[PDB]
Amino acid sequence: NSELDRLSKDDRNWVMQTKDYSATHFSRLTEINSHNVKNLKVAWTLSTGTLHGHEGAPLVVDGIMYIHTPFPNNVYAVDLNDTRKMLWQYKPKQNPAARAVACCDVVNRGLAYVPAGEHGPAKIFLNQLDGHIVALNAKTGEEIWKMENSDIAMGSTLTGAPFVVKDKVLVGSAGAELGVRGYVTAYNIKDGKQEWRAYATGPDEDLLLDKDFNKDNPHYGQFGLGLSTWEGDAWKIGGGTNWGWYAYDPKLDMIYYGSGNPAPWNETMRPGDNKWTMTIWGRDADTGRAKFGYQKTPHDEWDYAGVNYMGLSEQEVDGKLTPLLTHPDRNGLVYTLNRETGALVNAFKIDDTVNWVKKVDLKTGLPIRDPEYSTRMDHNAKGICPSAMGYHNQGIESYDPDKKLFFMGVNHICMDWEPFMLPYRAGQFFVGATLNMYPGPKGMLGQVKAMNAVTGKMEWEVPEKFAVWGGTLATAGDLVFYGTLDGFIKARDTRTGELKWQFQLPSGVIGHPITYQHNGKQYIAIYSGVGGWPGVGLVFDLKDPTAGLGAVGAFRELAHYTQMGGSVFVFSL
């Protein structure tokens, strides 16, 4: 949407979760910088009125901040000239049973926006946990339309944010842990009418493939593979949900995202590459037809669900300026592809302890597996890095184009894993493994890292007590901001990693910081409200270390630092 793109270049605005269509998470604002951030103070706050995990972040457009909450997914608008008053509120009535089919807390990754046009007034878009996509009037909160995307009776939910391109809004999927077969859907923004729908598994017509699909890299695989890499009908419950983030190149008219893990976690129950789970897609905007598709983790054995963010950039590849996508996957590899051809440029380890894979062979595109860290029935696999939580999860990261560095919140979590047989019943969990998780070999649960994505060169690396889950914001002030699960927002010098500032928020952070200008002054905002997967133990009062799909044992110390919460914090000088 070219009007939305244009609003995104205005530093008064934060118009989409990813900030802009390249997901740069980078601000040109410099009032707050490495030499004065030590004086950053709380300017004002809000309560969201809920507990549970607060993912995503606020949007700001034309002088209005928009706030969203975990279930039941309340939405509020606040005029920045009157920060104490709520301009409008929208309170969904949802079946409480939606909570029981959410794997990983009742989180929501937030709102999308589109400005006024032929369709006609400016709109806020909300995905509800109960499977609905809703269009609200951005100025008044009036419900314009509402459609059913996903059915909670099938264990099918929504947690990923909607994503606007042209006259469409895209809605993902969730519930691979309950055997949901992944799919993404485009709706018309005027109407709410379904334009196209692309499944992650099954016949080619469902996959929605260009006739030139994977022309540039035939060795990735082309047609029929959504059936032939599964045995019989096992694809129909085969996962590949997309609950992460998107990117869009307006000039190529292409949308990028990742499909998640195959179901069940029990690898032995689903022989085959299990395509097209765990795939980086590039799809035509209008038709949804994939031009390319690269499967990062064939026949997943570890739940490295391939939904992580896509960061677009323009960098030199062997002396030639090349349009790229960069993608830190759950599997602990950082992928950079040519975003036009899909060709692989690099795939390097986010941390040297990744052991499921020895290396990716860049010419074949194939990860060379280490059978010592495989999973399989009738075996307890020990010391696999990364764990199912990943060395990287749902945080949106940031890119400074002057330095050519990505800054990333990283996890350092390893596991043991044994599968078990189980039946599929629609509406019930369909996991089939028992895990124990613990710190990686360096001994802490998180890191923050700055890297070049073409060369794989690590500029700096620093440790954190907990996994850094919520992502990052980088600025031309030479700063990277992020929140921690233990309840700090922090700022680091982007040249060195030196810690310049921190503040004690009430609860842990699992979403990202934003920055914007209003009335000539720079602000930073963030949610505080711990939850999501790391927080399941404290949110649900769980004590078995294998509960919360393995997370409880790894994160048992978290509750000594933070309780639940739900607030918005805004900082300024």
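Numbering starts at 1 and follows the sequence shown.
- Averaged over CA atoms, B-factors in the entry run higher in 434-442 than in the other of 466-474 and 434-442.
- Stretches 66-74 and 542-550 differ in mean CA B factor, with 542-550 having the higher one.
- The entry lists C-alpha B-factors for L321, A388, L479, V169, and the highest of these is at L321.
- Considering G131, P121, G260, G155 together, the PDB entry gives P121 the largest C-alpha B factor.
- The deposited CA B-factor of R84 belongs to the lowest third of values across its chain.
- Among all modelled residues in its chain, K19 ranks in the lowest third by Cα B-factor.
- Sorting the modelled residues of the chain by their CA temperature factor places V454 in the highest third.
- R376: CA B factor in the highest third of modelled residues in this chain (values from the PDB entry).
- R12: CA B factor lies in the middle third for its chain, per the PDB record.
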